[PDB]
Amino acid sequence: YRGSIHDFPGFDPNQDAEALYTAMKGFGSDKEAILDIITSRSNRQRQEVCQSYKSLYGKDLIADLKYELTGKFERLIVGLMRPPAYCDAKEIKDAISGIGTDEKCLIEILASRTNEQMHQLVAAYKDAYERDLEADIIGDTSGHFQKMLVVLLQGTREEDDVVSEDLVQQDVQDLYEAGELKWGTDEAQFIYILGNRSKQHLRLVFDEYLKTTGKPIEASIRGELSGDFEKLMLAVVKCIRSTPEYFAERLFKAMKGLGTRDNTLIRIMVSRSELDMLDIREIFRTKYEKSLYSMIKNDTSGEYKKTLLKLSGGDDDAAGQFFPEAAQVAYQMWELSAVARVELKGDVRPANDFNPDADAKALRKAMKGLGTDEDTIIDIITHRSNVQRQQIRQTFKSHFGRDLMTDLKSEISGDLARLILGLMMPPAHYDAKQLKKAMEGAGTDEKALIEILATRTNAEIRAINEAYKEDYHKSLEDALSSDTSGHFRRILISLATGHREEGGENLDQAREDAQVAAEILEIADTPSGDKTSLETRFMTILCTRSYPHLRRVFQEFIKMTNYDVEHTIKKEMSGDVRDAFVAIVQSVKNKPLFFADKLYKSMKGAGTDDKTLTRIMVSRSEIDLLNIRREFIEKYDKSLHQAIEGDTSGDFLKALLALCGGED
């Protein structure tokens, strides 16, 4: 059983009907009591309580509940009192009701329900509103989208069993030629393969595709379809592979940032409460490093909150090892990171017809005088590669006998100046400066230290070292030594050597590495007391092993000690040490995703971490910023463009957009 709401307690409907009637007596009502009663009884039990409440007081419990309760709490409670099928039927009903259509709700349900759930959905809709749900959906939908919904609606997907190795091989071929191999995608073929084959088969097919092709099936889909249809197809894919991970995602997006998408929050927490909430919880904590529970807590309030938390659970015997579903998703994130062929692309490309003489002039004319023309500067610099900017710098000083850097630092100011000068600096020097500004001054800007050092490559590090010695007349190691100390200094200096192995995998050694990991974390038995960590062995592995090899270690680690390394590190480790290793891990797992996260974080909450924003935007400008934006939009349901637009203003907002890739 993977449902959160315990499979029944040992009740009697009559005692609850009396307890609930009681809670609703007098002025007001005992919300805590109603909440505690209804959220600790399974749905079946709740149907009986309804039956009892009816025979004892001759009334409708739900009606009485709608009377005493209001708002989110009302909705949620009542939502919990209706049978699953009747539940889905009103969500779809309401999704279709009104002029606007909630396509997100439609997708989530039609993409996640099994053949049987589908049948009971249709049947309940027929009884509740006395109407055909298929005609209603066709009446509110259009195109390939409506086609796929209608197919999913039939509830006739092949059963899981007879695995035709050959048919799997065939569907991979058909899917590859219907997509990757042509401009656009054969929608029809995808609607047929993904809508009829069993979930079992489709999984086997997605794996063969990823292995046979250098990419996941989704990579061939994303950006090759259009509108709601793309979103829909992407959702059946995620559901086939893992519906619990899908809901884990939908849950995260409903609480993204300012505000909540309550209705969705209600739909999921309730509908999945007796199916796979526990699985959802596990996956959620592996992809968001923050309880489903914690986020439900910090984004809701009152008895409404109370209930949601109940429907989830968030302390049932601490963390504990993975269950099948989550272990697969975890294992697969690594597999993917390990074998996927990905094109790393930046957003700033060399300008064509590049004329340094023309730019150098324009830049000067834009500054020459009392005023100062920001647009010319911003528009020129942001749209010119770094290599091209150095040329402009040489040409500028040759034409006017004055340094372009010095003039710019004079004509512009604020966040813009930090961003413009930043672009103007050669890469190895820019990071050297940032490293310099994280140690220079009182205290240490740890975050910026980890970011740079757990992220840059050997070639980049060797360069940063020289760039550093040349600009500040000192080595990077020693500069590190002064500003920091303890374990943090050690890991920071190891990484900064830029000697990390660049060699291939190696199974045997991976298992040995993971073993020390298992030890570093798992410390039960008599040494139950957290004996912290196990030697410098762990640090050497995370700091000096090759990325391809680490992905192996982390994969074997999961096979072995049933946890994910990132999880356990947060366990036995803390502060700058915990954070340094986690950054390392995330860097090898999905570097682009790591920068996306940091961006989200820098504009999340109260104000803006203007420094982190530009550091990333500048240094990733010509590497993987496009990949970054792809990840960003995927995980945060919002484009990088929109985020920047709502967190910054002025010319800074101007220069930032001009640097950022194509909206999204």
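In case it trips you up, residue 1 is the first one in the sequence shown, and so on.
Trainee: If you average the CA temperature factors as listed in the entry, which stretch comes out higher, 518 to 526 or 205 to 213?
Mentor: Going by the record's values, the stretch with the higher mean is 518 to 526.
Trainee: Mean Cα B factor from the PDB record: higher for 53 to 61, or higher for 621 to 629?
Mentor: Averaged over C-alpha atoms, the B-factors run higher in 53 to 61.
Trainee: Of the choices 142, 546, 298, 196, which one's C-alpha carries the largest B-factor in the record?
Mentor: Of the candidates given, the C-alpha B-factor peaks at 298.
Trainee: Out of 446, 343, 158, 228, which shows the largest CA B-factor listed in the entry?
Mentor: Highest C-alpha B-factor among the listed options: 158.
Trainee: Where does the C-alpha B-factor of residue 430 rank in its chain, lowest, middle or highest third?
Mentor: Residue 430: CA B-factor falls in the middle third of its chain.
Trainee: Consider only the C-alpha atoms of the modelled residues in this chain, order them by B-factor as the entry records it, and name the third containing residue 592: lowest, middle or highest.
Mentor: It falls in the bottom third of the chain.
Trainee: Against its chain's modelled residues, does residue 310's Cα B factor rank lowest, middle or highest third?
Mentor: It falls in the bottom third of the chain.
Trainee: Considering every modelled residue of the chain and its Cα B-factor in the PDB entry, is residue 67 in the lowest, middle or highest third?
Mentor: Its C-alpha B-factor, which the entry lists for residue 67, ranks in the highest third among residues of this chain.
Trainee: Using the B-factors in the PDB entry, rank residue 616's C-alpha atom against the chain and give the third, lowest, middle or highest.
Mentor: Middle third.
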